[PDB]
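Chains as they are written, first to last, in the numbering used here: chain A, 117 to 237; chain B, 117 to 237; chain C, 728 to 1093; chain D, 728 to 1093.
Read through the structure below, which is laid out as structure tokens, and then see the notes.
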Amino acid sequence: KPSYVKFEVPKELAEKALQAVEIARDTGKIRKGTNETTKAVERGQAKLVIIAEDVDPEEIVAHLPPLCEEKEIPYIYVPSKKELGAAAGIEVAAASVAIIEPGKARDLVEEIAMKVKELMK
Amino acid sequence: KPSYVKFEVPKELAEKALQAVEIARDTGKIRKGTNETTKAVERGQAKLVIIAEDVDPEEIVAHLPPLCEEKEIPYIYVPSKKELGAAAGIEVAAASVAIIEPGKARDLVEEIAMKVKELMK
Amino acid sequence: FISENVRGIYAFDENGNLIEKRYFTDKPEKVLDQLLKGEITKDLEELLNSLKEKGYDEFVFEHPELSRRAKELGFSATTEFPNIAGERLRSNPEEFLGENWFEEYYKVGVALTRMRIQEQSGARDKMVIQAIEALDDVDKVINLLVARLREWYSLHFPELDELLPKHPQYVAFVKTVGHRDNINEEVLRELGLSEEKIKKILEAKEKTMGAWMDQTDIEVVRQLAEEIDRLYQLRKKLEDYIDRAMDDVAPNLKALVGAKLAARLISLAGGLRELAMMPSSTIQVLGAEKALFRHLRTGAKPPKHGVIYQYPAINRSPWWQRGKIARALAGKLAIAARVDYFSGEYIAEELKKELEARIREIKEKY
Amino acid sequence: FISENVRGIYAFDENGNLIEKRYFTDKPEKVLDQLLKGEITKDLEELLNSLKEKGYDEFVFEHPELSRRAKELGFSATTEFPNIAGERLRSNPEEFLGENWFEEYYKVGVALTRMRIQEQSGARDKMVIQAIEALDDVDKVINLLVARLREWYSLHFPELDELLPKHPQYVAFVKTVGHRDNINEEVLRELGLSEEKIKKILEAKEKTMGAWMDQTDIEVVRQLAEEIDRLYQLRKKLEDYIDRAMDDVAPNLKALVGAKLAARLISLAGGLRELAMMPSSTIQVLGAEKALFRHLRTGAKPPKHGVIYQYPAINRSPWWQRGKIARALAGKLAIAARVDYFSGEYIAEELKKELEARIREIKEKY
RNA sequence: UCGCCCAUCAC
RNA sequence: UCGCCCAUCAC
RNA sequence: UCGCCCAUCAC
RNA sequence: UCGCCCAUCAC
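Have a look at this one:
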């Protein structure tokens, strides 16, 4: 279990955020990998960010939670970087993924944001 | 004026050290350049060592005086690295030259060692 | 709970009264940049441990990352920027630093702005030597133009030359006065002259034997004095440059290869004297270990390289280049070790440029 | 005048009488390593200030390079190894140190000799966590094999088990004394037992209830005690490693890109916080100067690299690879900054090994 | 090609 | 049970 | 391809 | 009085 987590979660919200990546990818606008996540994070444009629980070394994503406080955007975690890469359609892994436009998934990303604002508190 | 020329050299013996290089060149056993000088200055029985007066940075040959005080060997110097290379018989330069056997130069090395030991005293 | 400003460090309670205050044990800009960017320093560390001795267990600071380092140091730490310690100090600074407070804020703000950029020379002491030669050359040309300024202004007020011996006081007088009827008790007392010196000058202005320069002429002699006060300001910029430049001092082996190889070559020679007494054609093979040993005992294959193998152009390149770079690197290292032991003077950006150039030559060759 | 020693540093007169001697204010094994390889230390700075304030100037030392650091710093220093200070102090320590002087020579001399080898692991905090588990697993095997030793030896002399409960003392009894009819009053004091413990044990020599082991039955129980003795020596080998290696700390950027380049890159980002926040695509172009300006303002081609061009595998390197290496360098650099800033652990030789694999693959591809 | 010191063990 | 020579590929 | 702050030289 | 681009070459 990594250092950078701020609140506990079950598979609840996390399986729904992985499901949101699986439909934002081909109905909306998305980027994958942590330096593209970090570009869309630093210049604000990522509406939701998803990070892995098994990054190794763990330190490469450790900026994404406090930097999402500094710019005021919601953030969430998921249990394996290879499965996050496969949800983002690529054949390697991804330590993080960024949503720029939810496409069809707006009510779903708004549920995730509204329920993550119960935990960032 | 560099820190390694620790005694004032007169209008004598300097040309005799240049001559000792010239005649050891085909008749003795001899090394040229400062790293080959350094190993033949540590190892076996060197007889004399010669340095240029214009070595810059001075630090590269600044080790040769204290290295001669640990091991009971005489040293002397001549006005130019380009002339010391030409005395060794190479068309580049040399910062220093070392004598392992004097060949023809044996009476020159004996006169230089006798006169320098009572100069520095 | 705790807050910091230009002159010190302050702890106030959750009702709003002072518990303890400290002042910095190093120059304020140098300590405040660390506390501003979010990292801990010994003076804030000694205050927060005084609050821990006084029995306070929970802490509230201003900066989110100084708060992050404070919990990593073993404390119940959090962040709230509007808290009473900082809110009081920034609302009523005249209660804590007095009715001059903005002058100390100014003196450190401009110094922090001079500090928030990096400083790294290849020749810092040689630049200081040229600044020292510039300081004698500047004083020498000030003396030259002051000799012309004395002689030319003596056409229009000849009594002044014996009366103002101090050269910058003659320069600033001619800079601000220009024409001799702009002389008043007020401007001489602003220029900081004594009531005695002002009992003369004015006495001489009413009786001078000097000639007449027009308004169109005497401004040229005023401009000559103004450019000499430019030169006197450059004189201080040279003195103040050296006062900074004498902080950037370093060893050469740390820059040419860095600690992983520098401390290995020192340890495999047994010490830094011994490394400086070694040839390039042994520095090449220091820490070849089993390869040097059996090249001796059994007459085996000569070692191509020792602990230098993990250099930025050996363990990562074609065999053609691996052998050639190893001895060239050991040459430049045999220079660098002798510099760092026998003199300690910094040249390592040139030792880097020569090892860029010889490896570029190995590139045009191979 | 000066003489150089383990039981502090000493000063003597031209006639060979003592003036003063002072004891050390850092760990004496580190103070001897400096003074023996010829660099001067704080307690000798104080002794020569004492010698100056007494009214002497003729500061003859034993060592040439210690005397070099002294006169290079500004002191009136010379050198004679057989000078009257060393010729007195090393002829009879009894007059100056006390009669047990050889204990103080011994305890620092063996420590200096154990210490004269340099250290550079790649991820040493992880390589010490495995020794903390080795300490947990070593007491775990001792607390297993000594249970077998207790149960087996209690067949022959059960009157000892509840009486020597501390496991090393029971192992030392079974190793060194062994067979129960060897037990006498003198060998129990040669084992370090007290009279209160020796009233018991001897109580049982005449009246034990244990059943007989023969001369080479007790031998295999002694072999087990002789191997468990080495597991207590292995516990010392781990205790002496943990006391040396668990105090290490090293920055990552300082090893991955070298100290001067790391320190520069931290300021083109504004801070180490920013270098630990920013993306690799921006970290790639930091401080490119007017090449970045014309890419933004004039719409030119993006710069391939900023200040990372000074990296020792980009600066010398041919064009085909310079861009490919700059991209992977900016990623691995962003990782090293995140480790130094969020974690404060060390992995820099792993981060180098990965970039070195990518550089080898760049040669293997192009 | 040729020697010198070193731990641990044998026929 | 093990070594040596020559030719050859990747970095 | 475009925005603003800003020095310096000039009409 | 000032600027740009294709092909080829190099670190």
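Cβ atoms here follow ideal geometry from the backbone N, Cα and C, with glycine treated the same way.
So who's on the other strand from D:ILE869, going by DSSP bridges? In the fourth sequence, the residue the question calls residue 869 of chain D occupies position 142. Partner(s): none; D:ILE869 has no beta bridge.
Taking the alpha helix (DSSP H) that C:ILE1062 falls in, what are its first and last residues? Here residue 1062 of chain C refers to the residue found at position 335 when the third sequence is read from its first residue. Its alpha helix (DSSP H) spans residues 1046–1069.
Any idea if C:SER994 is buried or exposed, counting beta-carbon neighbours within 10 angstroms, 16 or more meaning buried? As a first step, residue 994 of chain C is located in the third sequence; it is residue number 267 there, counting from the start. When all chains shown are included, C:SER994 counts as buried.
B:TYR193 and B:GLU175: beta carbons closer than 8 Å? As a position in the second sequence, residue 193 of chain B is number 77, starting the count at 1. As a position in the second sequence, residue 175 of chain B is number 59, starting the count at 1. A distance of 8 Å or more separates the beta carbons of B:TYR193 and B:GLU175.
Within chain C, the residues that B:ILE176 reaches when beta carbons sit closer than 7 Å: Here the question's residue 176 of chain B lines up with position 60 in the second sequence. Simply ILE1062, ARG1065.
Establish whether the CB of B:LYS155 and some CB of chain C are separated by less than 8 Å. Residue numbering aside, residue 155 of chain B sits at position 39 when the second sequence is read from its first letter. Residue contact with chain C for B:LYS155: present (Cβ-Cβ distance below 8 Å to some residue of chain C).
Name, in chain order, the residues that DSSP records as bridge partners for C:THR805. Residue 805 of chain C sits at position 78 when you count from the first residue of the third sequence. DSSP lists C:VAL787 as partners of C:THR805.
Rounded separation between A:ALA204 and A:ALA210 - CA only: Along the first sequence, read from residue 1 onward, the residue named residue 204 of chain A stands at position 88. Along the first sequence, read from residue 1 onward, the residue named residue 210 of chain A stands at position 94. Roughly 8 Å separates the two Cα atoms.
Pull up the distance between the alpha-carbon of D:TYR1093 and that of D:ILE1086, whole angstroms please. The residue you call residue 1093 of chain D lines up with position 366 of the fourth sequence. The residue you call residue 1086 of chain D lines up with position 359 of the fourth sequence. Using only the alpha carbons, I get a separation of about 11 Å.
Between the alpha carbons of D:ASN979 and C:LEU999, how many angstroms are there, rounded? Numbered from 1 along the fourth sequence, position 252 holds the residue referred to as residue 979 of chain D. Numbered from 1 along the third sequence, position 272 holds the residue referred to as residue 999 of chain C. Cα to Cα, D:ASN979 sits roughly 25 Å from C:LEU999.
Residue 101 of chain B versus D:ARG841 - alpha carbon distance: The structure shown has nothing for residue 101 of chain B, since chain B only spans 117 to 237.
Put D:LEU988 into one of helix, strand or coil per three-state DSSP. As a first step, residue 988 of chain D is located in the fourth sequence; it is residue number 261 there, counting from the start. Residue state, collapsed to three classes: helix.
Contacts of A:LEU183 in chain D (Cβ-Cβ under 7 Å): For the purposes of this step, residue 183 of chain A is taken as residue 67 along the first sequence, with counting starting at 1. By Cβ distance, chain D contributes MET1004.
Bridge-paired residues (DSSP) for A:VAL194: Position 78 of the first sequence, counted from the first residue, corresponds to residue 194 of chain A. DSSP lists A:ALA168 as partners of A:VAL194.
What does the Cβ neighbour count give for D:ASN819, buried or exposed, with the cut at 16 atoms within 10 Å? The residue given as residue 819 of chain D occupies position 92 in the fourth sequence. Per the 10 Å Cβ criterion, exposed.
Suppose you measure from the CA of C:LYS781 to the CA of C:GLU773; what does that come to, to the nearest Å? Working through the third sequence from its first residue, we reach residue 781 of chain C at position 54. Working through the third sequence from its first residue, we reach residue 773 of chain C at position 46. Spanning the two alpha carbons is a distance of roughly 12 Å.
Would you kindly report the start and end of the unbroken alpha helix (DSSP H) that includes D:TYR897? Here residue 897 of chain D corresponds to residue number 170 of the fourth sequence, with the count starting at 1. Element bounds for D:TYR897: 894–903.
First and last residue of the alpha helix (DSSP H) that includes A:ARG222? Working through the first sequence from its first residue, we reach residue 222 of chain A at position 106. Residues 222–232.
Just how far apart, CA to CA, sit A:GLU128 and A:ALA229? In the first sequence, residue 128 of chain A corresponds to position 12, counting from 1. In the first sequence, residue 229 of chain A corresponds to position 113, counting from 1. Their Cα atoms are separated by approximately 13 Å.
Segments of 4+ residues assigned as alpha helix (DSSP H) that fall wholly inside the region 944–986 of chain D: With a minimum length of 4 residues, the continuous alpha helix (DSSP H) runs that stay inside the region 944–986 of chain D are 945–972.
Taking C:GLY765 as the reference, which of D:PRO1039, D:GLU1077, D:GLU1001 has the closest Cα? Translated into the one-based positions of the third sequence, residue 765 of chain C becomes position 38. Nearest C-alpha to C:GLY765: D:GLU1001.
Rounded to a whole number of angstroms, what is the C-alpha to C-alpha distance between C:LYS1051 and C:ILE1089? By 1-based counting over the third sequence, the position of residue 1051 of chain C is 324. By 1-based counting over the third sequence, the position of residue 1089 of chain C is 362. If I take the Cα positions, the gap works out to 8 Å.
Are the beta-carbon atoms of D:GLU789 and D:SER730 separated by less than 8 Å? Counted from its first residue, the fourth sequence places residue 789 of chain D at position 62. Counted from its first residue, the fourth sequence places residue 730 of chain D at position 3. Yes.
What in chain C is Cβ-close to B:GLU152, meaning under 8 Å? Translated into positions along the second sequence, residue 152 of chain B becomes position 36. Residues of chain C passing the Cβ test: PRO1006, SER1008.
A:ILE139 to A:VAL208, Cα distance in whole Å? On the first sequence, position 23 is the one that residue 139 of chain A refers to. On the first sequence, position 92 is the one that residue 208 of chain A refers to. Roughly 19 Å between the two C-alpha positions.
Span separating the alpha-carbon of A:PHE123 from that of D:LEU1056: On the first sequence, position 7 is the one that residue 123 of chain A refers to. On the fourth sequence, position 329 is the one that residue 1056 of chain D refers to. The straight-line gap from Cα to Cα measures roughly 33 Å.
Identify the residues that DSSP records as bridge partners of C:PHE739: which are they? Sequence index remark: in the third sequence, residue 739 of chain C carries index 12 (1-based). In the DSSP assignment, C:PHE739 forms a beta bridge with C:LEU745.
For D:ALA838, which residues of its own chain have a beta-carbon under 7 Å away from its beta-carbon, when the five flanking residues on both sides are left out? Translated into positions along the fourth sequence, residue 838 of chain D becomes position 111. Counting only residues of its own chain and dropping the five nearest sequence neighbours on each side, D:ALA838 has a CB closer than 7 Å to the CB of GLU756.
Is any beta-carbon of chain D found at less than 8 Å from that of C:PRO820? Indexing the third sequence from 1 puts residue 820 of chain C at position 93. Chain D contact via Cβ: absent.
Based on Cα-Cα distance, which residue from C:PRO809, C:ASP740, C:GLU814 lies nearest to C:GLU785? Mapped onto the third sequence, residue 785 of chain C falls at position 58. Per the Cα distances, C:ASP740.
Kindly indicate the opening and closing residues of the beta strand (DSSP E) around B:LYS145. Indexing the second sequence from 1 puts residue 145 of chain B at position 29. Its beta strand (DSSP E) spans residues 145–148.
C:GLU933 (DSSP reduced to helix, strand or coil): Position 206 of the third sequence, counted from the start, is the residue given in the question as residue 933 of chain C. Note: C:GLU933 maps to coil in three-state DSSP.
Between which residues of its own chain and C:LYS1079 is the CB-CB distance below 8 Å, once the five residues before and five after are set aside? Residue 1079 of chain C sits at position 352 when you count from the first residue of the third sequence. Around C:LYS1079: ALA982, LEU983.
Identify whether D:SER994 lies in helix, strand or coil by the three-state DSSP scheme. Stepping through the fourth sequence from its first residue, residue 994 of chain D is reached at position 267. Reduced to three states, the DSSP call for D:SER994 is helix.
Three-state secondary structure (DSSP) at C:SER1008? Counting from 1 along the third sequence, the entry for residue 1008 of chain C is found at position 281. Here C:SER1008 sits in helix by DSSP.
Measuring CB to CB, does C:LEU965 end up less than 8 Å from C:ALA858? Here residue 965 of chain C refers to the residue found at position 238 of the third sequence. Here residue 858 of chain C refers to the residue found at position 131 of the third sequence. Yes, the pair counts as a contact, with Cβ atoms nearer than the cut-off.
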